[PDB]
A.B. asks: 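Just passing along the structure, written as structure tokens.
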Amino acid sequence: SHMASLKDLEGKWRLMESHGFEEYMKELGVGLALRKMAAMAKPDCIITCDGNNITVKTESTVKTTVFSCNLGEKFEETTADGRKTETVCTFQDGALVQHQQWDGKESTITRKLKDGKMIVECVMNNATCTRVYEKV
């Protein structure tokens with residue numbers, strides 16, 4: 001037996017390692033010059049959790065992006081790379097699943113605790129960005 005809750009994601013996370021970020025952004029339609037520079041950005045991720053209410057804050061020291069939703073409700077997101085998406089967050093199988101849709105396409109961000117590190121997987125089509133965060 002084991003248990004994972006939404007609440008266990010709540011907190012301040014620092015990027016420790018990243019793989020596939022650029023190939024992922026090549027999928028989302030980001031330009032060659034734009035994605036090579038973004039791969040160097042190491043933003044913190046601050047998550048807060050109330051009921052089925054979550055806030056997900058990307059904090060780079062210079063720019064703040066923030067989203068807020070009730071799980072299960074579709075809402076308008078404007079993303080760091082500038083997509084106008086329709087997102088739905090849900091929590092199942094121990095993972096916050098963030099489902100993005102825009103212009104007939106789709107992308108999934110999954111955040112899940114493993115050994116106390118937050119593992120974040122961003123999938124679009126064939127491309128995968130796996131990243132590891134440490135509590136701060």
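The analysis underlying the following values was restricted to heavy atoms, covering all of them including side chains, and did not include hydrogens, waters or symmetry mates. Numbers here are sequence positions counted from 1.
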A.B. asks: Applying side-chain contact (heavy atoms from CB on, under 4.5 Å) to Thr85 and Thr79, what does each step give before you reach the verdict?
C.D. replies: CA-CA 8 Å; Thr85 79; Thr79 93; 4.0 Å; yes
A.B. asks: How about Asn53 and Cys69: do any of their side-chain heavy atoms sit closer than 4.5 Å?
C.D. replies: no
A.B. asks: Check whether any side-chain heavy atom of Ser18 sits under 4.5 Å from a side-chain heavy atom of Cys129, and report yes or no.
C.D. replies: yes
A.B. asks: May I ask you to test the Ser68-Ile54 pair for a side-chain heavy-atom distance under 4.5 Å?
C.D. replies: no
A.B. asks: For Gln98 and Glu77, does a side-chain donor sit closer than 3.5 Å to a side-chain acceptor?
C.D. replies: yes
A.B. asks: If you group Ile, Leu, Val, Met, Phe, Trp and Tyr by side-chain heavy-atom gaps below 4.5 Å, do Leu15 and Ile109 land in one group?
C.D. replies: yes
A.B. asks: Are the side chains of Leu71 and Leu6 in touch, meaning some heavy atoms are under 4.5 Å apart?
C.D. replies: yes
A.B. asks: Examine the side chains of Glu59 and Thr64 and answer whether a donor and an acceptor come within less than 3.5 Å of each other.
C.D. replies: yes
A.B. asks: In terms of heavy-atom contacts, does NZ of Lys114 have more than 12 from other residues, nucleotides or ligands at under 6.0 Å?
C.D. replies: yes
A.B. asks: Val97 and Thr108: side-chain contact (heavy atoms from CB on, under 4.5 Å), yes or no, with the steps?
C.D. replies: CA-CA 7 Å; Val97 165; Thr108 297; 4.0 Å; yes
A.B. asks: More than 12 heavy atoms of other residues, nucleotides or ligands under 6.0 Å from NZ of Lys36: yes or no?
C.D. replies: no
A.B. asks: Heavy atoms, side chains only, cut-off 4.5 Å: are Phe21 and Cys122 in contact?
C.D. replies: no
A.B. asks: Is it the case that one hydrophobic cluster holds both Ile119 and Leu9, taking links as side-chain heavy atoms less than 4.5 Å apart, direct or via other members?
C.D. replies: no
A.B. asks: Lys74 pairs by side chain to side chain contact (heavy atoms under 4.5 Å, CB included) with which of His99, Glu86, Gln101?
C.D. replies: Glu86
A.B. asks: If the test is side chain to side chain contact (heavy atoms under 4.5 Å, CB included), which one of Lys12, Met118, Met16 qualifies with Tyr133?
C.D. replies: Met118
A.B. asks: Indicate yes or no: at least one non-hydrogen side-chain atom of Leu96 is less than 4.5 angstrom from one of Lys112.
C.D. replies: no
A.B. asks: Would a single hydrophobic cluster contain both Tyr24 and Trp102, if residues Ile, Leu, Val, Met, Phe, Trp and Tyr are joined by side-chain heavy-atom contacts under 4.5 Å?
C.D. replies: yes
A.B. asks: Any ion pair linking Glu23 and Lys26 (charged N to carboxylate O, less than 4.0 Å)?
C.D. replies: no
A.B. asks: Should the pair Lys117-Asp115 be classified as a salt bridge under the 4.0 Å nitrogen-to-oxygen rule?
C.D. replies: no
A.B. asks: Does some side-chain heavy atom of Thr58 sit less than 4.5 Å from a side-chain heavy atom of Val66?
C.D. replies: no
A.B. asks: Do the side chains of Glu106 and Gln100 get nearer than 4.5 Å, heavy atoms only?
C.D. replies: no
A.B. asks: Grouping I, L, V, M, F, W and Y whenever their side-chain heavy atoms are under 4.5 Å apart, do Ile46 and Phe67 come out in a common cluster?
C.D. replies: no
A.B. asks: Does one hydrophobic cluster hold both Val56 and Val123, with members joined at side-chain heavy-atom distances below 4.5 Å?
C.D. replies: no
A.B. asks: In Å and rounded to the nearest 0.5 Å, what is the CD to CG distance from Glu10 to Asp50?
C.D. replies: 8.5 Å
A.B. asks: Does the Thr65 side chain pair with the main chain of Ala80, one donor and one acceptor, at a distance under 3.5 Å?
C.D. replies: no
